[PDB]
Each structure stands twice: as structure tokens, then as C-alpha cells.
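Residue numbers (the entry's author numbering), protein chains in the order written: chain Q, 26 to 251, 270 to 549; chain g, 16 to 186, 196 to 225, 350 to 371, 436 to 592; chain z, 14 to 245, 263 to 539.
Don't be surprised by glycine CBs; every beta carbon is placed ideally from N, CA and C.
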Amino acid sequence: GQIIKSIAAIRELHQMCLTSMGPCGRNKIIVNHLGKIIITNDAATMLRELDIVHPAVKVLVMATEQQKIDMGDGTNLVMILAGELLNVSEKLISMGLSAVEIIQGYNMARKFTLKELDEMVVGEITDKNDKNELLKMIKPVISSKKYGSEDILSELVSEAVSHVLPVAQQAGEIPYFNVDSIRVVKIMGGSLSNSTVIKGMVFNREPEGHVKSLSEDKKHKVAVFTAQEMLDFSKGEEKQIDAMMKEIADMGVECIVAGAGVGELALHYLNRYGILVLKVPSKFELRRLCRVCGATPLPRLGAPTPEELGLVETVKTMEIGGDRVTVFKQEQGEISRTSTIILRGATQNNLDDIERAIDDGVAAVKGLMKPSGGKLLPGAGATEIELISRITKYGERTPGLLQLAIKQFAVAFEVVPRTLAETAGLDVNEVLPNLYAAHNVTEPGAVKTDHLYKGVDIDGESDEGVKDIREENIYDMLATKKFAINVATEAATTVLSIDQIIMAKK
Amino acid sequence: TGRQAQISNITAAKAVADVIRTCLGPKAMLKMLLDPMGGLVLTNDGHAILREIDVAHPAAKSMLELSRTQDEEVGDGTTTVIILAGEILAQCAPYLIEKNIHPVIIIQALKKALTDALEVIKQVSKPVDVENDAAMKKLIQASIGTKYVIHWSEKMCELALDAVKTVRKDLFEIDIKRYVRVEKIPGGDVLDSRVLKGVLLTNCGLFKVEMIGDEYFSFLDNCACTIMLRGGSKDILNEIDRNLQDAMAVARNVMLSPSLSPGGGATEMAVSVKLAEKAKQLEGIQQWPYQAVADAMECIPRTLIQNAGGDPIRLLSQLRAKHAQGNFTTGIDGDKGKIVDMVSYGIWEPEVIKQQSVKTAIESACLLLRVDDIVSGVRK
Amino acid sequence: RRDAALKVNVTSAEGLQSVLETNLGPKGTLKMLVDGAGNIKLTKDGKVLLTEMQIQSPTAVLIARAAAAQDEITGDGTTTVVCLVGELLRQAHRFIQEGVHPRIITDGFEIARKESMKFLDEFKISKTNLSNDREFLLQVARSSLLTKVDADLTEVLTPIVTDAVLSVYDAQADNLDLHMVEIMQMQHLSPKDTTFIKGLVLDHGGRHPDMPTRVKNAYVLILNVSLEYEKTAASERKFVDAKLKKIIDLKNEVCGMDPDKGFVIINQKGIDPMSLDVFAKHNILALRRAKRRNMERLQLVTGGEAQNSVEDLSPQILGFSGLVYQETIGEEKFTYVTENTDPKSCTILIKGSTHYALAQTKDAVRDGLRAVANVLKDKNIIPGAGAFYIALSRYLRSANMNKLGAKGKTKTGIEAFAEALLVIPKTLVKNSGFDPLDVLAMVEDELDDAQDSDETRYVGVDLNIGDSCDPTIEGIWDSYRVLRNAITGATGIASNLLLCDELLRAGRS
């Protein structure tokens, strides 16, 4: 009522995410009750919008939150790995093996995998500020994320990270990384070649009264803010608003930021004194506005303190995507980080997949800076084949009942190379011997042989099966794999620990 | 239809094989059947089980003719060989209906498996001389341990071994043993027998006619042997032929294959551990369906563990380690489920027992894989 | 996945012992069977009950077929074998359902099976059957009739069976069940008025009412050729008078002085009543339409011989009888002849209301005569009154390091067999409304007190007062060969359900 019932739901979702991962991977369409259509290959976003009536399989749904908080990438790899571990364990259940040795078998092999990740690591090379290093991290995401164009998207991200880079060369001990430092804007129409990068951050709003530049003012000033008796309130407000707006114009403040409701009488004087105003800033825009500009949102409607004010070297309100838009565009010299990357595309759904792909690229820098390093792992399924030889060796080194769990734990690794063959329509049985041909019988006496040095890249080479991953720069994140086996083991043992569903007053 | 039709065929042989799992060994269990007519048949022999049951699955009907071929050779213990044909079908579930492995590729792997199996059969080969009557006496008594005629076999099995050697001799040694004529006399004691060398109807010793309610006695001197059996009961004559007339297969198998293999389901233990080692040297696409055959070989000895009330997972851990390391002469005790080796177990079976078992299993398994689907309603 | 059908098959099978639970002991009630034609039979015999009763569960139907072999083994109280294996299965559900394998626990009962005969070997008691002491003979009849009929019919049929078992006997222990077969079944008087006849009885008689109703010495002669002519008219009747002349000459030749003797005629065909008037003066009895089976038994009892022609008559072929008397009941005249030349075969005259009450006595004396016959055949007799239920259970209960023979789960099978033997004695007092727990205090605990006295005592269970008794004083005894194959056969019959993994529905379509 549970195991067989859950596996029926597992094989469903496992086959779904099987075609998501890989450069040949596929997307899916999800329609909610409101009619919203979302196309993405991410498993965390997929299961989030879907409504599942089976509480048993929901363990893998909530398990994605552990991966998104720790890393945010490799979500498709976790669902495929965790889903396969429960599929290969079905044979041990029919054999009569209790879950005691099954849970202990996965936990024993999990510690053995972490020991191999430190021995099998290569490509230290330890360079933060190189533009080529930013390309080596963002290129491999074409497997799990959108593979459409890796040439243009890799260049815009590398120029944006280097623009917001704190520098502080040698040892600067830089804390407080900015995840929000990268932002993209969806613009309907145009191709990807029309996209570019701006030193400042941009946003979608339209000017009304002035549209003038005003950035030529050579260190200008910007402010930030948080029957005759019937005319007593009317004339009373006209005298106060006039005096408050005049003192601002006397100080030479070209643009102000108003985060509250702006009346009709307020906008009347702004056109005469030539003062720009922002209309209804959101919550996430208000936090980015005060931190980058460095101005205090004084709630007083009067003249703000001229000592602390915002400054923008160069800003233009003219057209960008064909419509006039006022933006925050700036220059790194006199003002801080958090630039943006402007995207151009015809399909709005394709811009969403690029947004999720760039957001995962921010975690690549997080994985390098927060621990000692992100290191490297063989990409395109070349890491799993390295573990198959190690886990198989551990089965003979530890005789006992764990050999049945160790055997099924190594067989579960066959889904990763099958992913490349299934999504490409090629026979997995033809590519399988080409994968074993790298290590042959044993490893040659040379260091970093074709098993470690080369990998599986299938375009025209499907007959050969092996390709160098060094020139292709195809690698897997080490912090992701460490957290992948942790979430997969915790989620697999959780389903096996389920006994009976309990309903309380319903 | 297509792959879905083959799934019903795998479960058809799997459901039949699961019934005969407990039909092997001296601890073999029994099965009760209920027909729509209301008759009940309770027996431990799978021969009459497959004949009386009319199965709706067309794939299970092929196993009925296979049982007739296996029973034509020996018939005792060879009924459970069908399990091996059923385990291979269930072994293809991760491959055939999942990896989409082509059946001929599996059949080609079974061709290399059947060839490598005969090499393992020659590895456990233990020749023994047939001139010793005491060595051949304990050989025919192997199949007697499943019956209460054990202590009765002292005056029984000695008559069968002496009659076959007269009609066997040599030519190779191929000859016809069917010239023997066995006569059964109801009533009396089982210990009473008749020793007669000749033809029952030059310088003849004597001629006499005894007194028997059936017929008289006549002696014919030649220049051929008959057996007169006196049963200890009325209907016991049916079980006497099973322990003597049907026991002639042991005398036929020792002449064709003088070698001895571990008896009581202990032979395939050394075969499964050796087949896994031969798979690592293949290094090909077929290695996975070839190595998976060893997983189907270890399911047969689990029938003894299911009969001995043990744990097949934990017990076979030490058992498979003995055959793959210490020696291939080790075996499994079926009675108590113990590690006692076949050396002190005192029972050995000819190699042809497992030869014809694996040969007929692979030939029956490939034919089931060559069937794409099954259609009905042709109205022939 | 496993079996799980074993607990379902026995659950439907447990209903058989619940029906037969009240069939045990002399305090039990008889079961009634009725057909669609109106015939009603009341008996406790398991062969008739299990045959007519159709159980919806086929599992209990095949087990009921094994009770046919209990006829020669026991024949009286075969329900004990069925109720013994019923609780024997329930004791396995407390084990097998907990993960114990059926084959492992089965070997535990197979060991205790053979070991039960070794304990029974020293448990049996041998008696001297050559003395023909009526003290032990009347007790064996009480071990049966009390478990069949009431106390009123007990004192009636007891000397009837006692005189029947003593009629067939020899110093060489020669006994034949086919020697005594014919049993007169009549509807008249009451079942309590039945008597024991010392000779054979025929169901036919003469058509002449004036024939002598009492004869001192009668000479029985079997006549083959019919006395009355059939077909080829005045010369046909003269041939009959010529045959009657030889009968008159033979009557006066044997005894010509005192008319204290008589002659009996047995004819296969009818006899003219006009010719029977001559026999009235000579006191000669005649018969007609005699069956072949009835005439064959007269040569071995009365001593006569079949004669074809009446022209040759000799006293050598004439038998004799010590007492002959006839009685006319309704329109069917019967002849009672006893004290024949070879009076080793007798008959039991049974009268009653209808065949409903007659079926109780017929089945009681049939197996009752065979049960007491096994006492003379097998001198070893087993103490009854439930003495061996506790004894055989106590020997296997105490094992420790002295005598065990098993290990692990096989050791628990011996303990389960000791508890399986106690269901019968608890059932005997349950049918009478008594608490079996308090009975064991005065019975089971009494054996432990006599054990410390260095004396061998076997104490039974009295169902009348619900207290202990002495099987020797009460007179309840069972033969050795009866309970030998019953206890051993019960293990084999119960094994058929223990050896069944699951019940599969399939067969010829």
C-alpha cells in the first residue's frame, strides 16, 4: 500500500526528470488552476507548481528545499539520484531484506563517497578574477539548465561578475557576498544578439513629465524620501507643498525618490522646478536603492539633509528596448556594485529559463568563496563512472549483508549515463562499452588516464563515446555532489521509514 | 501486446515455478488443488499437478510438454528444473522490459552461458568405478531417502542394479535395457523376492514349477533378465515401480556419465559463484545479461532454505563464500539447513542430472523469448 | 508472498471439530441425518455422518475421507481422532504464524509420534484371555455400550455381546467375523426387549397355521428339487404322494416309538397347502422360497446336506437341533432354531418401533462384537477413562537433559503435542457442563501424589460425579491395536493439512 504505491509515483516522476537533465534534455508545460503556463526544466520549480495527491511521494518534493538553500543547482541530479536509489531497492525488498541493512548500506557508502571526492579532485588553479574562470563555471550548466546558447550568456555574466567584483587582490577577507548583485529584465522582442550588459542596474518603468537626462551636471544631487472656509485646507496645502518643493530645487536636487502616495498637487510643482520622481518603488527595489546610493529615506516632506545625498555619474532616460525607460545605470568608480544584465528575446518563457540559469550561476561564485574552494569534478557523467569502480571495490573489502546494498548502490549510477543516451534517442547499450573502455581492465600506470582526463561528449562522436573534458571545460560542482548524496540518502531512507499515513480530524 | 504480452508470459511461468519451489528434497511440501468439478488432489509430485491443471495462460502450456521430457529421463527431482526457466524470465525484467534488450542478444548470451555451464559441469566432475556393488548401492539409495522404503530398499535396490548390468554391458557402452520384464505379485511381504537369471516364460541345472495365484513358473536356459516383485501390500506396487523401475535412470546415468556431482541441490552453488567470475572476463555489452544468470542460479538452492525454514539472504552469505574460495566440493544440507559439506553427506548425483537440467532449461527459455505476443480467437 | 492460505483453510476446517465437539464421551448427544425422501437416521458413527453431511469448504471434505480407514482401526468413537487433530492444528497457529516454519515444527511431532509408541509400549497392560473370565468380558462391553446407548440398554445388550463373543472362540484364537452375520431386524415391542438367539433365524415360514409351534428334536434336511410339481393332470399329483411316502417312511424309521422328534423341510419353490395336511399328523415342518445364502449356512450349523431326489434317504445326511420353536408375528411367520449340531454361530434378535430406533442397536453390536473380539485377539489392553491423555502428555512435558531428542523449534513441537493431547479430556467434561480446570486438580495432580509412593497407578475421569475414578473398577478399557494406529494415524492425517502450503483453485475446464 506504500512501497509499491510510491514506486508507481516515483517511476512517474523519475521518468519525468530523466528527460530534464542533459544538453539533450527536454522541458515541460505546467498549467495551474488560474491558467498560468510555465515552461522550465527545473525540478524544484516543477514540483512546486504541480498539485500531488499522494502524500508518500511528497518527501522528494520538500527535499528540494535543502538543495536550493545550500546550493540551488543540480536539482535535476538530486531527483534522478534519489529516485533511482528507491527504484533499485525494490529488488532487495522482494528478496526479503529489511530496511535496517538498506539504510545502513546507503549511509556506509555515503561516507565512502566523500572520501573519494577529496582524492579524485583535480584542476585547483585557484583564480577568482580571471574572465576565463567565470566561463569555466557557467559553461557546464547547459546540462541541467537551458542549453540553447552558451556563447552569449557566458560573456554577459563574466563581464557582470567582474564589474561587481570587490577586487581586494591578494587576501582581502571579503565577507557578505551579494546574491542580488545580478539582475535580468525580460524584454519582449528581438534576438539574443541584441542583449548587452550595463554597468548600472536597470528596471522597467516609464517617465512622464521630463524624460531629460540631467546626468551632465557634474556631481549633481539626488534625494530619497520614505463657502470660503473650504479653501483653508486647499490653500494651506498649496503653500506648504510649494515651500517644500522650492527648498529642494534651491539645493540643486534634480531627482528625488518618493516611496509613499504622491498626490496631484505634488506632481504639479515637480514639472515647474524640474525635479524627477520615482513612482511606487517596490520592496526589493527600495532596499537596493538605499544601499547602493547611500541616502537616508527621510520621512519628512520638507527639505532633506544636503550632507547625505545620492549620486549617479552617468544615467540616461532614453529608449533601450524601444521605449523610453528611466533606470539606475551608473559607473563603478563613484558608486557601489550590483549591476544588471539586459536580456532580449521573442519568447517570454525562454527568458525565464535564462533567468533561472543565471541565478544558478551566482551560486557558482558562492561555492567558491564561502568554503575553501569549489574545486572540480569530472562532468558529463564522468564522475559517476569513477565512483562505480570505487564502490564495487568496497563491496569486497567489507564482507557481510551490506554487499547487497553496495551492489544496488553502484547499479543506481547507470541512470546518469543513460540520461545522455535517452534524451538523445541513442541506444544506451551501444554507448555503455565505450564508457567502460576508458578504464579498460585496470588503470594504466600513468597519472590521469583517459578515464579521469576524458569524458562523454556526444555530438558526432557517439561512435567513439569518449571526448576530452579539459578543452571542453565540462566539470561538475564538488559542493553540489556532496550535498546531492546527502539529500538523496536522507530522502531515500525517509520513504523507507514511512509506516502508516495518519489523518487528524479530517 | 508486444512487450506487455511477454510480461504476462513471465508471470505465467513465475506463478507455476513458485508452486514447485517446495516440491524438491526430502523436506518437500505438498499442494492441494480444487477443480471446478469438486475433486481434490493432494500430492508432492509436480508431474500430476501440471497434467490435471488446465491453465488459461498459453505460455504455461509449453511447460507441460517440457515436464514430460524431463520425466522421461529421470523424473525424480527434475520437475523443479522449470524454476530455472522461470527465474531467467523474471531476471529479464530490469533488461527486457526496461533496458529494451533484444531477445536474441539474451539468447546469444544464453548460448555462451550454456557453453560455459558445461565447462563448470566438467569442473565438478568426480569419476567413480561402476564395478563396485557397494558404491553403486548407495548411489541408487539417494532418491530413496524421500520415501519410507529406505530400510526396505535393502532387498529391493539390489535386484535393480544386478538386472541392468546384465542388459547393459557394452557395444561405446550404448545398449537397450528395455528387454527386462518386471512382474509384480500383490500381497505378501516386501522382504520376499525372487532371484532369477534367464528368460522367464544347454546343460540346464533344474526345472521346477512353483505355486503362485497369478501364474506358474517356467525357466528358459540361454547361451536377458527378469524380475519378480512381491509387494508388502495391495496398492503398494505403484510406489515400488517408482523406487525400482523408475530408479533404473540412476543405473543408466552412471553408465553414460560415471562422474558425480553434489546432490540435493548442492551442485549449482559452485556453478553460480563460478559463473560470476567468468562474466568479468567477457567485458562486453552481453556481460550484464550474462552475469545476471548467476542471480537466477542462486534462487534454486533457496528452495531448500525455504524448506529448512532459514533466511536465504544471511545463510547464503557464508555458503557462497565456501564455493568461491575454499573448494567446489562443499554443499548444503537440505534437512536442517546446515553448512555440512557433501563429502560427509554421503550422496552424489551424476553430471548428466544437471546437464539435461540446464540444457532443457536454456532451450525452453529462448523459445519463450522468441515469442513476441499471443493472439486468440482464430477458431481453427 | 508466502502462503497465508494455511490459516484460512484451517479456519474453515475448525468448524468440523466444533460440530463434533459434543460427539465425544458417553455424555455426548447423537447427531441426526435427514434426506429429502423422509428417511431419518440418528447415530454417532462418523462414517455415516461425514458422508451425508456436505461441507461448503472442500478442505474438510477430503479430510473426512480419511476416516474410512478408522473402521477396522477403531470403529467406535472415531470422533476422538478428529477432535485430537483439531486442537493440534490450533497449537501450530500460535507458532507457525509467528515465523516458525511448518516443516521444522512437523519434524517435532514426527519424533514424538514414534516416541509415543515407546511410552505406550510400557503403558499397556496384558491380560490372560485363555481363562475367559467374565469379569473382564463384561467390562469391555461397558466400554462400548455406555458410549453408544444408555444405561437401560446397557444391561440388556451386555450379556448379548458377552454370549456372542464366547460363541466364536478357540484355544488357538481362531475368530471369524464372517461366521456371525445375520441379525434379525424387526419392528415390534421396544428396543429394550431385544434378546440373544442361540441359533440361526429364517425370515420365511410355512402357510399351515396348525404346524407345531414347539419342537424338541428337529432334523433339518435341505431339499433341492421342489416337492410340488411345476409343469408336465391326475398323474402330476400322484408323483407328489409318491414323494410324501418316502418322507413318512423316513419319519417312522428314525424314531418309531415316542413322538418327541420332528423333521424340517426346506424347499426352494412353493408347496401345495393340501399336501401340508399330512405333515400335521407327523409334526413335520416345511419351508418354501428359501434363499441360497440361507441354505448354505444351514450345512455348517444345523449339519444337514442338500438332497436332490427323495427316493434315497439316510440318517447320515440329517442334522439335528436341541431346541426349535416357532412364532407367528403378523403375516410373516418366523422359525427360531437353536442348539444345532454346530452351535458356533448365533443371531441377535432386535425388535423396536421403527427403523429410526433400530439403527442405534445395529451399529452398536456390529462394532461392539468386533471391539471385544480384539481383546481376545490382542491380550494387551490400554486403560481408558482418559488415563492416557495425561500420562502421554506428562512424559513428553518433562525432558530437560535426560531424554529430549530435539532442539530449538523442534523442541517446542514436542511441548505442543503434549498440550494437544489434553483437548479430549477437557472436552469430555465440557459436554457434561463441568470445569476441566478443577478436574485436573483431582486427576492430573493425583498422579503426582501416587508417583512419590513408588507405585504405578492409572487414574481415570468419572463423568457422572465429575471426579477421578479407577479404569479397572469402572471397567473402561481399550485395545492396544485400536489406539496404536489411531494415534499414529492422527499424525499422518493432520500432516496432510500441515504439509499443504496453499489451496489453489484450478483443474480440468
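- With a minimum length of 4 residues, the unbroken runs of alpha helix (DSSP H) contained wholly in the segment 474-508 of chain Q fall at 493-496.
- Residue 366 (chain z) sits in a strand when the DSSP states are folded into three classes.
- By the Cβ neighbour-count rule, residue 524 (chain g) is buried, with 16 or more other Cβ atoms within 10 Å of its own.
- Neighbours of residue 120 (chain Q) across chain g, judged by C-beta separation under 9 Å: 524, 525.
- Between the segment 191-207 of chain Q and the segment 367-382 of chain Q there are three or more C-beta pairs closer than 8 Å, enough to call the two in contact.
- With contacts defined by Cβ atoms closer than 9 Å, residue 358 (chain z) and residue 195 (chain z) do not form a contacting pair.
- Going by DSSP, residue 29 (chain z) is part of no beta strand (DSSP E) but of the alpha helix (DSSP H) stretching over 18-33.
- Short of 6 Å from the beta carbon of residue 387 (chain Q), and not among the five residues preceding or following it, lie these beta carbons of its own chain, in chain order: 212, 215, 219, 220.
- The CB of residue 50 (chain g) comes closer than 9 Å to the CB of 535, 536, 537, 538, 539 in chain z, given here in chain order.
- Pairing residue 522 (chain Q) with residue 422 (chain Q) gives a Cβ-Cβ distance that is not under 9 Å.
- Taking the beta carbon of residue 476 (chain Q) as reference, the chain g residues within 7 Å of it are 496, 497, listed in sequence order.
- At a cut-off of 9 Å, the C-beta of residue 529 (chain g) has a neighbouring C-beta in chain Q.
- Under the three-state reduction of DSSP output, residue 441 (chain z) falls in the helix class.
- Every beta strand (DSSP E) stretch that sits fully inside the segment 327-404 of chain Q and reaches 3 residues is listed by chain position as 383-385.
- Under the Cβ criterion (8 Å, minimum of three pairs), the segment 445-452 of chain g does not count as touching the segment 506-523 of chain g.
- At a cut-off of 9 Å between C-beta atoms, residue 84 (chain z) does not count as an interface residue with respect to chain g.
- Rounded to whole angstroms, the separation of the alpha carbons of residue 65 (chain Q) and residue 45 (chain Q) is 9 Å.
- Taking a contact as a CB-CB distance under 8 Å, the pair residue 369 (chain Q) and residue 357 (chain Q) does not count as one, their CB atoms being some 13 Å apart.
- Here DSSP, grouped into helix, strand and coil, assigns residue 167 (chain g) to coil.
- The CB of residue 114 (chain g) comes closer than 8 Å to the CB of 471, 472 in chain Q, given here in chain order.
- A straight line joining the alpha-carbon of residue 301 (chain Q) with that of residue 60 (chain Q) spans about 35 Å.
- Between residue 556 (chain g) and the set g:544, g:562, g:567, g:565, the nearest pair of CA atoms involves g:544.
- Here residue 474 (chain Q) has 464, 508 as same chain residues with Cβ atoms under 6 Å from its own Cβ, once five neighbours each way along the sequence are excluded.
- Residue 103 (chain g) and residue 505 (chain g) have their C-alpha atoms some 7 Å from each other.
- By the rule that beta-carbons nearer than 9 Å mark a contact, residue 116 (chain z) touches chain g.
- Taken atom to atom, the span from the alpha-carbon of residue 367 (chain z) to that of residue 213 (chain z) is near 6 Å.
- The C-beta of residue 384 (chain z) has fewer than 16 other C-beta atoms within 10 Å across all chains shown, which makes the residue exposed.
- Neighbours of residue 69 (chain g) in chain z, taken as residues at a C-beta separation under 9 Å, are given in chain order as 536, 537, 538, 539.
- In the three-state reduction of the DSSP assignment, residue 371 (chain g) falls in the coil class, being assigned neither a helical nor a strand state.
- Pairing residue 563 (chain g) with residue 356 (chain g) gives a Cβ-Cβ distance that is not under 9 Å.
- A distance of 9 Å or more separates the beta carbons of residue 570 (chain g) and residue 39 (chain g).
- In this chain, the beta strand (DSSP E) harbouring residue 46 (chain z) covers 44-47.
- At a cut-off of 4 residues, the continuous stretches assigned as alpha helix (DSSP H) that sit fully inside the segment 435-501 of chain z are 439-450, 453-461, 466-472, 474-481.
- Interface criterion not met: the Cβ of residue 434 (chain z) is under 9 Å from no Cβ in chain g.
- Residue 104 (chain z) carries a helical assignment under DSSP once its states are collapsed to helix, strand and coil.
- Of the candidates z:134, z:70, z:211, z:417, the residue whose Cα lies closest to the Cα of residue 490 (chain z) is z:417.
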